[PDB]
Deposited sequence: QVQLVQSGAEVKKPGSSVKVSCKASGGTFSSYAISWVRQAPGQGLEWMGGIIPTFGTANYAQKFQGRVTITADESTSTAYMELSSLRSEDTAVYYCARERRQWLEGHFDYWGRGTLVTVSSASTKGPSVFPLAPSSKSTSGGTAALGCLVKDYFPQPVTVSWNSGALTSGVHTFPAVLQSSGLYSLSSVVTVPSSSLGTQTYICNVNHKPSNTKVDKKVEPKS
């Protein structure tokens, strides 16, 4: 019945210090090691360090030396991980891992859900909606939005079939663009309305653009 509950997702400027917590229940906290593994978007896993709460002192990776600080409060039964001098390269999902074996720090059986740490640099800008006018295809281009995510729809839930919404792509400019497309009958073209509903909650932006052949 081992559970690992982590703190909420955080968005920070490239200053800066981010501290993620990990509540462990239920088992002996003092004896077993709690490690921190990170995962960049569309990339592999990376170990940062680990701690045996009774030891007091944590093990670290020479790559992150002078930045990371791994602590564990035995009374609170929560392990912490703070990362100083943050930058765009630190943008990753941070996982809390626990060892099945006593006194060792090697492989992990128990894993936490993950805490997303976004590193920007960006204001909190709304999305610029542009249409892609024309079996036939027509789209909806979402541009320069921050932060992620953005939920997009067509015909207000009316169309699920043949619709592809691509993942966000991050631009050189520190901001995102998305695209959405739909495969519809050409016969239906110019005779049926199509509208793309873009919802961006963090900045509270709701745009409903109509796509027509022009």
- Note on the structure: Taking the deposited sequence from residue 1, the uncovered stretches are 135-142, 223
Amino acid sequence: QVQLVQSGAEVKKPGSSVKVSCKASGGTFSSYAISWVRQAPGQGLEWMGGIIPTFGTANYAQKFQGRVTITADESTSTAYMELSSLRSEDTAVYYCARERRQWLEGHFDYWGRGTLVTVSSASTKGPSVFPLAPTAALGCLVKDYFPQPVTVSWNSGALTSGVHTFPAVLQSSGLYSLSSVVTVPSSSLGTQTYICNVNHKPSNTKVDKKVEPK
From here on, numbers count along this sequence of modelled residues.
- Query: Of 142-150 and 30-38, which one has the bigger average CA B-factor?
  - Reply: 142-150
- Query: Between 16-24 and 190-198, which has the higher average C-alpha B-factor in the PDB entry?
  - Reply: 190-198
- Query: When you compare the CA B-factors of 80, 130, 103, 111 as listed in the entry, which one comes out on top?
  - Reply: 130
- Note on the structure: In this crystal structure's PDB entry, the residue among 162, 44, 50, 167 with the greatest CA B factor is 162
- Query: By its CA B factor, does residue 87 count among the lowest, middle or highest third of the modelled residues in the chain?
  - Reply: middle
- Assert third(CA B-factor, residue 136) within chain per record equals highest
- Message: How does the C-alpha B factor of residue 93 compare with the rest of the chain: lowest, middle or highest third?
- Response: lowest
- Task: Among all modelled residues of this chain, ranked by Cα B factor, put residue 115 in the bottom, middle or top third, i.e. lowest, middle or highest.
- Result: lowest
- Note on the structure: Chain-relative C-alpha B factor for residue 182 (record values, thirds): the highest
